[PDB]
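Okay, so here's the structure we're looking at.
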Amino acid sequence: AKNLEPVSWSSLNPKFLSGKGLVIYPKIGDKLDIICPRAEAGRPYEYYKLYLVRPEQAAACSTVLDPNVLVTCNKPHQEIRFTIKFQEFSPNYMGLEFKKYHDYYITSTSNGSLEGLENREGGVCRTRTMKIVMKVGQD
Amino acid sequence: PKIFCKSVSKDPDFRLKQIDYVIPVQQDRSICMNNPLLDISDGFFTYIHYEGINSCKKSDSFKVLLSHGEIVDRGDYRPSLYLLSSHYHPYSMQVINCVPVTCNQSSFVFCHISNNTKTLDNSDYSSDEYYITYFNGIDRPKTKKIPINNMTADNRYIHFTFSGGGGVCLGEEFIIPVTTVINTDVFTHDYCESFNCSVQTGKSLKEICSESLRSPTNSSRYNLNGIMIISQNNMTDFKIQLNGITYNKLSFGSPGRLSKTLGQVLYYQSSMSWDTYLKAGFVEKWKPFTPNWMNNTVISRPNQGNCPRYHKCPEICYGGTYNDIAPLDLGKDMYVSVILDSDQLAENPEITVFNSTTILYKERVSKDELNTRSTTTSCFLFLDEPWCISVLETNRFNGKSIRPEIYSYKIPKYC
Ligand SMILES: *[C@@H]1O[C@H](CO)[C@@H](O[C@@H]2O[C@H](CO)[C@@H](O[C@@H]3O[C@H](CO)[C@@H](O)[C@H](O)[C@@H]3O)[C@H](O)[C@H]2NC(C)=O)[C@H](O)[C@H]1NC(C)=O
Ligand SMILES: *[C@@H]1O[C@H](CO)[C@@H](O[C@@H]2O[C@H](CO)[C@@H](O)[C@H](O)[C@H]2NC(C)=O)[C@H](O)[C@H]1NC(C)=O
Ligand SMILES: *[C@H]1O[C@H](CO)[C@@H](O[C@@H]2O[C@H](CO)[C@@H](O)[C@H](O)[C@H]2NC(C)=O)[C@H](O)[C@H]1NC(C)=O
Ligand SMILES: *[C@@H]1O[C@H](CO)[C@@H](O)[C@H](O)[C@H]1NC(C)=O
Ligand SMILES: *[C@@H]1O[C@H](CO)[C@@H](O)[C@H](O)[C@H]1NC(C)=O
Ligand SMILES: *[C@H]1O[C@H](CO)[C@@H](O)[C@H](O)[C@H]1NC(C)=O
């Protein structure tokens, strides 16, 4: 039973490694928070749509095939957040189950700009390789 | 109205007892028993649930169980469930969705069956099949095919599914919760347009409200809730109408239910979109289908992302849980529901008794952390007292041996 370090979602975030992306090995029954930081002084807001994708879509960096969109940061002035407990039975529209020894992938194909919020192909996934992989119940 | 607590109370006595002997237990602990459904009428009950291997999606479920039973007094000083019949659906592997209704002491199950799991995206309803499966305690199940080809729709719908927690039987006609699909945007949102709220920049309010009824998978399709009315004689003659829900306060098509209570018919619709407060109300006009929506400032549900608990401001988002409700007293405008006390996570069931303004009293169902999604609740008068039965979709032991739970409890006579 542990609350993991909240993961800020921005181009500015270093926790994303160019080759690997962001990897974590969470235990079942653990909370985790994904945040969309609001526009900080002197920086432009970044607009994004975070999807949940299969591995094939994470390598290809395309969200076109099936759309499980978790959060969309379209409000710059108020920070919105996304809470994940790693049990099954999330209140997700598409349905989402977190099971032991499974790998889960979160990533965005958006521009980082208002105009490119809806891009399904490529995007920040390719460039900064902003993506999160979750191997639940691994050491 | 009889004597029970109609005002605020601390630490009440629900006489909460759990019923573990009605729902099967499975030898295999990889099987997942999910999306439980219960409709109780006239002292008889119909329970339904979806077992599927390693997954709790209803589409994946490889057999779905139907069971009929009775409410019976054991000398126990409480109502108890007696299980008369259990069967599995003939077409269960091909079942998309089901809704129970208990009528004149027999169980009916209305069903949407397809070869295509995604059929609500690609296909249309002439490509799929719609069935009534009905039985009783003594006799053998009989599953009739419903003639959709003769059906009169109040609009041009390309698809529909039975979706919800239970239907009703009024006279010689059945009324079932449905969610329908139409590919052109024919809808007017005044209520949504009424909101003065922060919005996505670069997109209008009217644009956002209109883009909100669109399906999250096929953006070319609009899901709007409705009802289906089946008039029948001995399952030979059929007259079938498909009507949509009133345009007053629309919300993205979701599972919801009908129930006869206190001489009314209450409609509930899970709030799966930007408006997260309870959507329910009694039915004041059948054509068009018109529930008189409660304005409820207190009861809500969790969801992850941009539309979490207590969020009431337009946006296009999808999710949340179905925790449905049942009426206690009209006069004090009171309801019970087993609702999840969480912001985003789906957990912490609490039996909550409330009016449109404030929560009268609550009790958490389990003291330890408990994982819960759907919650259905039905109420009835037993030995001239208000008594409730709730079925909770639960993951109690950390992802294995998933199985819904049933509880019975009594509305406190003293505050
Ligand atoms: C929703 O249900 C609540 C149930 O508590 C209702 O709130 C309560 O309303 C009653 C009167 O209808 C209030 O009683 C009053 O108590 C005060 C003392 O604080 C006294 O000065 C008055 O003469 C009266 O006896 C009661 O206080 C109030 N509860 C709270 C917490 O303020 C509410 O009216 C219901 N709303 C609807 C729309 O049904
Ligand atoms: C999205 O829904 C549209 C609209 O219903 C589907 O388009 C129709 O597809 C049928 C056969 O599948 C054709 O006969 C119609 O002519 C199409 N109509 C229109 C207006 O395009 C479409 O198949 C769905 N797409 C996805 C990806 O699910
Ligand atoms: C991100 O990509 C989108 C779409 O591919 C860009 O939007 C278009 O950009 C082209 C040229 O860059 C213009 O000709 C179009 O008129 C633009 N369309 C719209 C709707 O704006 C967008 O500019 C890109 N932005 C960034 C920051 O990469
Ligand atoms: C029992 O249900 C049937 C529908 O199968 C209906 O026609 C009949 O009227 C009902 N019985 C009573 C007493 O209403
Ligand atoms: C909610 O408010 C509207 C108008 O404000 C009203 O028509 C409706 O009856 C109200 N709901 C209830 C349960 O009274
Ligand atoms: C698919 O289902 C339809 C009815 O929905 C049926 O007519 C057809 O034979 C089925 N095909 C199979 C099971 O291969």
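Here's how to read the names in the structure tokens: chain A, B, ... by the order shown, residue numbers from 1 in each chain, ligand numbers from 1 in the order shown.
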Produce as a PyMOL selection string the set of residues near ligand 2, where near means within 6 Å with only C-alpha atoms and all ligand atoms considered. chain B and resi 121-123+183+218+220-221
Report as JSON lines: every residue of chain A with an atom at most 10 Å from chain B, its closest pair of atoms, and their distance in Å to one decimal, counting only C-alpha atoms, with rows sorted by chain and ascending residue number.
{"residue": "A:28", "atom": "CA", "partner": "B:398", "partner_atom": "CA", "distance": 7.8}
{"residue": "A:29", "atom": "CA", "partner": "B:398", "partner_atom": "CA", "distance": 8.1}
{"residue": "A:31", "atom": "CA", "partner": "B:345", "partner_atom": "CA", "distance": 9.1}
{"residue": "A:34", "atom": "CA", "partner": "B:305", "partner_atom": "CA", "distance": 9.3}
{"residue": "A:35", "atom": "CA", "partner": "B:305", "partner_atom": "CA", "distance": 9.6}
{"residue": "A:50", "atom": "CA", "partner": "B:305", "partner_atom": "CA", "distance": 10.0}
{"residue": "A:65", "atom": "CA", "partner": "B:217", "partner_atom": "CA", "distance": 9.4}
{"residue": "A:66", "atom": "CA", "partner": "B:217", "partner_atom": "CA", "distance": 7.2}
{"residue": "A:67", "atom": "CA", "partner": "B:217", "partner_atom": "CA", "distance": 6.3}
{"residue": "A:68", "atom": "CA", "partner": "B:216", "partner_atom": "CA", "distance": 8.2}
{"residue": "A:69", "atom": "CA", "partner": "B:216", "partner_atom": "CA", "distance": 8.6}
{"residue": "A:70", "atom": "CA", "partner": "B:305", "partner_atom": "CA", "distance": 5.9}
{"residue": "A:71", "atom": "CA", "partner": "B:305", "partner_atom": "CA", "distance": 4.7}
{"residue": "A:72", "atom": "CA", "partner": "B:306", "partner_atom": "CA", "distance": 7.1}
{"residue": "A:73", "atom": "CA", "partner": "B:306", "partner_atom": "CA", "distance": 8.1}
{"residue": "A:74", "atom": "CA", "partner": "B:200", "partner_atom": "CA", "distance": 5.4}
{"residue": "A:75", "atom": "CA", "partner": "B:200", "partner_atom": "CA", "distance": 5.9}
{"residue": "A:76", "atom": "CA", "partner": "B:200", "partner_atom": "CA", "distance": 8.8}
{"residue": "A:77", "atom": "CA", "partner": "B:198", "partner_atom": "CA", "distance": 9.0}
{"residue": "A:78", "atom": "CA", "partner": "B:198", "partner_atom": "CA", "distance": 9.1}
{"residue": "A:79", "atom": "CA", "partner": "B:306", "partner_atom": "CA", "distance": 9.6}
{"residue": "A:80", "atom": "CA", "partner": "B:306", "partner_atom": "CA", "distance": 6.2}
{"residue": "A:81", "atom": "CA", "partner": "B:305", "partner_atom": "CA", "distance": 6.1}
{"residue": "A:82", "atom": "CA", "partner": "B:305", "partner_atom": "CA", "distance": 4.8}
{"residue": "A:83", "atom": "CA", "partner": "B:344", "partner_atom": "CA", "distance": 6.1}
{"residue": "A:84", "atom": "CA", "partner": "B:345", "partner_atom": "CA", "distance": 6.9}
{"residue": "A:85", "atom": "CA", "partner": "B:345", "partner_atom": "CA", "distance": 6.5}
{"residue": "A:86", "atom": "CA", "partner": "B:345", "partner_atom": "CA", "distance": 9.7}
{"residue": "A:87", "atom": "CA", "partner": "B:398", "partner_atom": "CA", "distance": 6.9}
{"residue": "A:88", "atom": "CA", "partner": "B:399", "partner_atom": "CA", "distance": 6.6}
{"residue": "A:89", "atom": "CA", "partner": "B:373", "partner_atom": "CA", "distance": 6.0}
{"residue": "A:90", "atom": "CA", "partner": "B:346", "partner_atom": "CA", "distance": 5.4}
{"residue": "A:91", "atom": "CA", "partner": "B:320", "partner_atom": "CA", "distance": 4.8}
{"residue": "A:92", "atom": "CA", "partner": "B:319", "partner_atom": "CA", "distance": 5.0}
{"residue": "A:93", "atom": "CA", "partner": "B:319", "partner_atom": "CA", "distance": 4.2}
{"residue": "A:94", "atom": "CA", "partner": "B:319", "partner_atom": "CA", "distance": 7.9}
{"residue": "A:95", "atom": "CA", "partner": "B:57", "partner_atom": "CA", "distance": 7.1}
{"residue": "A:96", "atom": "CA", "partner": "B:57", "partner_atom": "CA", "distance": 8.9}
{"residue": "A:97", "atom": "CA", "partner": "B:56", "partner_atom": "CA", "distance": 7.9}
{"residue": "A:98", "atom": "CA", "partner": "B:399", "partner_atom": "CA", "distance": 8.4}
{"residue": "A:99", "atom": "CA", "partner": "B:399", "partner_atom": "CA", "distance": 6.8}
{"residue": "A:100", "atom": "CA", "partner": "B:399", "partner_atom": "CA", "distance": 8.3}
{"residue": "A:114", "atom": "CA", "partner": "B:202", "partner_atom": "CA", "distance": 7.9}
{"residue": "A:115", "atom": "CA", "partner": "B:202", "partner_atom": "CA", "distance": 8.9}
Next, the residues of the selection above should be written as a CSV table (one decimal), in the first residue's frame with N, CA and C atoms.
chain,number,residue,atom,x,y,z
A,28,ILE,N,0.2,-4.0,-7.1
A,28,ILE,CA,-1.3,-3.9,-7.0
A,28,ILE,C,-1.7,-3.3,-5.7
A,29,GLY,N,-2.7,-2.4,-5.8
A,29,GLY,CA,-3.2,-1.7,-4.6
A,29,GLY,C,-2.5,-0.4,-4.3
A,31,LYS,N,-1.7,3.6,-5.3
A,31,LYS,CA,-2.1,4.8,-6.1
A,31,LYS,C,-1.0,5.6,-6.8
A,34,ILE,N,-1.2,11.3,-12.4
A,34,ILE,CA,-0.7,11.9,-13.6
A,34,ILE,C,-1.3,13.3,-13.7
A,35,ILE,N,-0.5,14.3,-13.8
A,35,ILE,CA,-1.0,15.7,-13.7
A,35,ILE,C,-0.7,16.5,-15.0
A,50,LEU,N,-4.0,12.2,-23.5
A,50,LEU,CA,-3.2,11.0,-23.2
A,50,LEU,C,-4.1,9.8,-23.5
A,65,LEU,N,-6.1,3.3,-34.0
A,65,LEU,CA,-6.9,2.1,-34.0
A,65,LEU,C,-8.0,2.0,-33.0
A,66,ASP,N,-7.6,2.1,-31.7
A,66,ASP,CA,-8.6,2.1,-30.7
A,66,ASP,C,-8.2,3.2,-29.7
A,67,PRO,N,-9.2,4.0,-29.4
A,67,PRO,CA,-9.2,5.2,-28.6
A,67,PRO,C,-9.6,5.0,-27.1
A,68,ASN,N,-8.7,4.7,-26.2
A,68,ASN,CA,-9.1,4.8,-24.8
A,68,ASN,C,-8.4,6.1,-24.3
A,69,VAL,N,-9.1,7.2,-24.3
A,69,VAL,CA,-8.5,8.5,-23.9
A,69,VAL,C,-8.8,8.7,-22.5
A,70,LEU,N,-7.7,8.9,-21.7
A,70,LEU,CA,-7.9,9.0,-20.2
A,70,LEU,C,-8.1,10.5,-19.8
A,71,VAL,N,-7.2,11.3,-20.1
A,71,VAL,CA,-7.2,12.8,-19.8
A,71,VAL,C,-7.0,13.5,-21.0
A,72,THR,N,-7.5,14.7,-21.1
A,72,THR,CA,-7.2,15.6,-22.2
A,72,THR,C,-6.9,17.0,-21.5
A,73,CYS,N,-5.7,17.5,-21.6
A,73,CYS,CA,-5.4,18.8,-20.9
A,73,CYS,C,-5.7,19.9,-21.9
A,74,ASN,N,-7.0,20.3,-21.9
A,74,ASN,CA,-7.5,21.4,-22.7
A,74,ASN,C,-7.8,22.7,-21.9
A,75,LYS,N,-7.6,22.7,-20.6
A,75,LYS,CA,-7.7,23.8,-19.7
A,75,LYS,C,-6.3,24.1,-19.2
A,76,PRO,N,-5.8,25.3,-19.7
A,76,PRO,CA,-4.5,25.8,-19.2
A,76,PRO,C,-4.6,26.5,-17.8
A,77,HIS,N,-5.8,27.0,-17.5
A,77,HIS,CA,-5.8,27.8,-16.3
A,77,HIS,C,-6.1,27.1,-15.0
A,78,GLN,N,-6.6,25.8,-15.1
A,78,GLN,CA,-6.9,25.0,-13.9
A,78,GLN,C,-6.2,23.6,-14.1
A,79,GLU,N,-5.5,23.1,-13.1
A,79,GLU,CA,-4.8,21.9,-13.4
A,79,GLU,C,-5.7,20.7,-13.1
A,80,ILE,N,-5.7,19.8,-14.0
A,80,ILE,CA,-6.6,18.6,-13.9
A,80,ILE,C,-5.7,17.4,-13.7
A,81,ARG,N,-6.2,16.4,-13.0
A,81,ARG,CA,-5.4,15.3,-12.6
A,81,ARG,C,-6.1,14.0,-12.8
A,82,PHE,N,-5.3,12.9,-12.9
A,82,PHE,CA,-5.8,11.6,-13.2
A,82,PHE,C,-5.2,10.6,-12.1
A,83,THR,N,-6.1,10.0,-11.3
A,83,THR,CA,-5.7,9.0,-10.3
A,83,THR,C,-5.9,7.6,-10.6
A,84,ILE,N,-4.8,6.8,-10.4
A,84,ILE,CA,-4.8,5.4,-10.8
A,84,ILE,C,-4.5,4.5,-9.6
A,85,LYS,N,-5.5,3.7,-9.2
A,85,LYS,CA,-5.2,2.6,-8.3
A,85,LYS,C,-5.1,1.4,-9.1
A,86,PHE,N,-4.2,0.5,-8.8
A,86,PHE,CA,-3.8,-0.5,-9.7
A,86,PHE,C,-4.6,-1.9,-9.5
A,87,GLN,N,-5.7,-1.8,-8.7
A,87,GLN,CA,-6.7,-2.9,-8.7
A,87,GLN,C,-7.4,-3.0,-10.0
A,88,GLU,N,-8.3,-4.0,-10.2
A,88,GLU,CA,-9.2,-3.9,-11.4
A,88,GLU,C,-10.3,-3.0,-11.1
A,89,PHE,N,-11.3,-3.0,-11.9
A,89,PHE,CA,-12.5,-2.2,-11.6
A,89,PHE,C,-12.2,-0.7,-11.4
A,90,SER,N,-11.6,0.0,-12.4
A,90,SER,CA,-11.6,1.4,-12.6
A,90,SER,C,-12.9,1.8,-13.2
A,91,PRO,N,-13.3,3.1,-13.0
A,91,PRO,CA,-14.6,3.6,-13.6
A,91,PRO,C,-14.4,4.1,-15.0
A,92,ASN,N,-13.7,3.3,-15.8
A,92,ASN,CA,-13.3,3.8,-17.1
A,92,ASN,C,-14.3,3.4,-18.1
A,93,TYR,N,-14.5,4.3,-19.2
A,93,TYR,CA,-15.6,4.0,-20.1
A,93,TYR,C,-15.4,2.7,-20.9
A,94,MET,N,-14.2,2.6,-21.4
A,94,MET,CA,-13.8,1.5,-22.2
A,94,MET,C,-13.6,0.2,-21.4
A,95,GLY,N,-13.4,0.5,-20.1
A,95,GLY,CA,-13.2,-0.6,-19.2
A,95,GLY,C,-11.7,-0.7,-19.1
A,96,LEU,N,-11.2,-0.9,-17.9
A,96,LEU,CA,-9.7,-1.0,-17.8
A,96,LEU,C,-9.5,-1.9,-16.6
A,97,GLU,N,-8.6,-2.9,-16.8
A,97,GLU,CA,-8.4,-3.8,-15.7
A,97,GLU,C,-6.9,-3.8,-15.4
A,98,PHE,N,-6.5,-3.7,-14.2
A,98,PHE,CA,-5.1,-3.9,-13.9
A,98,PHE,C,-4.8,-5.2,-13.2
A,99,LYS,N,-4.1,-6.1,-13.9
A,99,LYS,CA,-3.9,-7.4,-13.5
A,99,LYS,C,-2.4,-7.6,-13.2
A,100,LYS,N,-2.0,-8.6,-12.4
A,100,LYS,CA,-0.6,-8.8,-12.1
A,100,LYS,C,0.1,-9.3,-13.3
A,114,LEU,N,-2.5,23.8,-29.4
A,114,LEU,CA,-3.9,23.7,-29.5
A,114,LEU,C,-4.4,23.1,-30.8
A,115,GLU,N,-3.7,23.5,-31.9
A,115,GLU,CA,-4.1,23.0,-33.3
A,115,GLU,C,-3.9,21.5,-33.4
Selection within 6 Å of ligand 5 by only C-alpha atoms and all ligand atoms, output as a PyMOL selection string: chain B and resi 292-295
Writer output for current selection, C-alpha atoms, as a PDB file, in the first residue's frame:
ATOM      1  CA  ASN B 292     -38.909  14.821 -14.273  1.00  0.00           C
ATOM      2  CA  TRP B 293     -35.291  15.290 -13.457  1.00  0.00           C
ATOM      3  CA  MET B 294     -34.305  15.691  -9.825  1.00  0.00           C
ATOM      4  CA  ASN B 295     -32.082  18.607  -9.218  1.00  0.00           C
TER       5      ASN B 295
END
So which residues are near ligand 4, meaning at most 10 Å away with only C-alpha atoms and all ligand atoms counted, given back as a PyMOL selection string? chain B and resi 102-108+134+169-174+230-235
Using only C-alpha atoms and all ligand atoms, I'd like a table of the residues in chain A that come within 12 Å of ligand 3; for each, show the closest atom pair and its distance in Å rounded to one decimal, ordered by chain and ascending number, as JSON lines.
{"residue": "A:44", "atom": "CA", "partner": "ligand 3", "partner_atom_place_in_ligand_line": "27 (C)", "distance": 11.2}
{"residue": "A:45", "atom": "CA", "partner": "ligand 3", "partner_atom_place_in_ligand_line": "27 (C)", "distance": 11.6}
{"residue": "A:46", "atom": "CA", "partner": "ligand 3", "partner_atom_place_in_ligand_line": "27 (C)", "distance": 9.8}
{"residue": "A:47", "atom": "CA", "partner": "ligand 3", "partner_atom_place_in_ligand_line": "27 (C)", "distance": 10.1}
{"residue": "A:48", "atom": "CA", "partner": "ligand 3", "partner_atom_place_in_ligand_line": "27 (C)", "distance": 11.6}
{"residue": "A:109", "atom": "CA", "partner": "ligand 3", "partner_atom_place_in_ligand_line": "1 (C)", "distance": 10.0}
{"residue": "A:110", "atom": "CA", "partner": "ligand 3", "partner_atom_place_in_ligand_line": "1 (C)", "distance": 7.7}
{"residue": "A:111", "atom": "CA", "partner": "ligand 3", "partner_atom_place_in_ligand_line": "1 (C)", "distance": 4.9}
{"residue": "A:112", "atom": "CA", "partner": "ligand 3", "partner_atom_place_in_ligand_line": "27 (C)", "distance": 6.2}
{"residue": "A:113", "atom": "CA", "partner": "ligand 3", "partner_atom_place_in_ligand_line": "27 (C)", "distance": 5.1}
{"residue": "A:114", "atom": "CA", "partner": "ligand 3", "partner_atom_place_in_ligand_line": "25 (N)", "distance": 7.9}
{"residue": "A:115", "atom": "CA", "partner": "ligand 3", "partner_atom_place_in_ligand_line": "21 (O)", "distance": 4.6}
{"residue": "A:116", "atom": "CA", "partner": "ligand 3", "partner_atom_place_in_ligand_line": "1 (C)", "distance": 4.3}
{"residue": "A:117", "atom": "CA", "partner": "ligand 3", "partner_atom_place_in_ligand_line": "1 (C)", "distance": 8.0}
{"residue": "A:118", "atom": "CA", "partner": "ligand 3", "partner_atom_place_in_ligand_line": "4 (C)", "distance": 8.6}
{"residue": "A:119", "atom": "CA", "partner": "ligand 3", "partner_atom_place_in_ligand_line": "4 (C)", "distance": 6.9}
{"residue": "A:120", "atom": "CA", "partner": "ligand 3", "partner_atom_place_in_ligand_line": "5 (O)", "distance": 9.8}
{"residue": "A:121", "atom": "CA", "partner": "ligand 3", "partner_atom_place_in_ligand_line": "5 (O)", "distance": 9.3}
{"residue": "A:122", "atom": "CA", "partner": "ligand 3", "partner_atom_place_in_ligand_line": "2 (O)", "distance": 10.0}
{"residue": "A:123", "atom": "CA", "partner": "ligand 3", "partner_atom_place_in_ligand_line": "1 (C)", "distance": 8.0}
{"residue": "A:124", "atom": "CA", "partner": "ligand 3", "partner_atom_place_in_ligand_line": "28 (O)", "distance": 9.5}
{"residue": "A:127", "atom": "CA", "partner": "ligand 3", "partner_atom_place_in_ligand_line": "28 (O)", "distance": 11.1}
Given a cut-off of 8 Å, what residues near ligand 1 show up using only C-alpha atoms and all ligand atoms, put as a VMD selection string? chain B and resid 6 to 8 332 to 333 354 to 360
Could those selected residues go to a file with C-alpha atoms, as a PDB file, in the first residue's frame?
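Saved result, selection-v7.pdb, follows:
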ATOM      1  CA  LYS B   6     -36.703  10.722   7.876  1.00  0.00           C
ATOM      2  CA  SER B   7     -34.093  13.206   9.114  1.00  0.00           C
ATOM      3  CA  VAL B   8     -30.395  13.546   9.848  1.00  0.00           C
ATOM      4  CA  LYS B 332     -39.674  13.744   2.346  1.00  0.00           C
ATOM      5  CA  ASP B 333     -38.178  13.178  -1.124  1.00  0.00           C
ATOM      6  CA  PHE B 354     -30.399  11.322   1.001  1.00  0.00           C
ATOM      7  CA  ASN B 355     -32.855  13.979  -0.167  1.00  0.00           C
ATOM      8  CA  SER B 356     -32.374  16.356  -3.067  1.00  0.00           C
ATOM      9  CA  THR B 357     -30.356  18.772  -0.918  1.00  0.00           C
ATOM     10  CA  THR B 358     -28.478  16.965   1.837  1.00  0.00           C
ATOM     11  CA  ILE B 359     -27.322  13.488   2.914  1.00  0.00           C
ATOM     12  CA  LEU B 360     -29.482  12.251   5.782  1.00  0.00           C
TER      13      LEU B 360
END
Interatomic distance, CA of residue 215 (chain B) to CA of residue 7 (chain A) (Å, one decimal): 29.4 Å
Extract the full set of strand (DSSP E) residues from region 49-94 of chain B according to DSSP on the backbone, and format it as an MDAnalysis selection string. chainID B and resid 49:53 63:73 79:88
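If you look at CA of residue 14 (chain B) and CA of residue 74 (chain B), they are 18.9 Å away from each other.
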With a cut-off of 7 Å, could you pull out the residues of chain B touching ligand 6 and give me the nearest pair of atoms for each, distance in Å to one decimal, using only C-alpha atoms and all ligand atoms, ordered by chain and ascending number, as a Markdown table?
| residue | atom | partner | partner_atom_place_in_ligand_line | distance |
| --- | --- | --- | --- | --- |
| B:113 | CA | ligand 6 | 5 (O) | 6.4 |
| B:114 | CA | ligand 6 | 5 (O) | 5.1 |
| B:115 | CA | ligand 6 | 1 (C) | 4.8 |
| B:127 | CA | ligand 6 | 5 (O) | 6.6 |
| B:128 | CA | ligand 6 | 5 (O) | 4.8 |
| B:129 | CA | ligand 6 | 5 (O) | 5.2 |
Taking only C-alpha atoms into account, which of B:276, B:78, B:124, B:237 comes nearest residue 384 (chain B)? B:78
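Using only C-alpha atoms for every distance, the candidate list B:116, B:243, B:236, B:377 yields B:243 as the residue closest to residue 176 (chain B).
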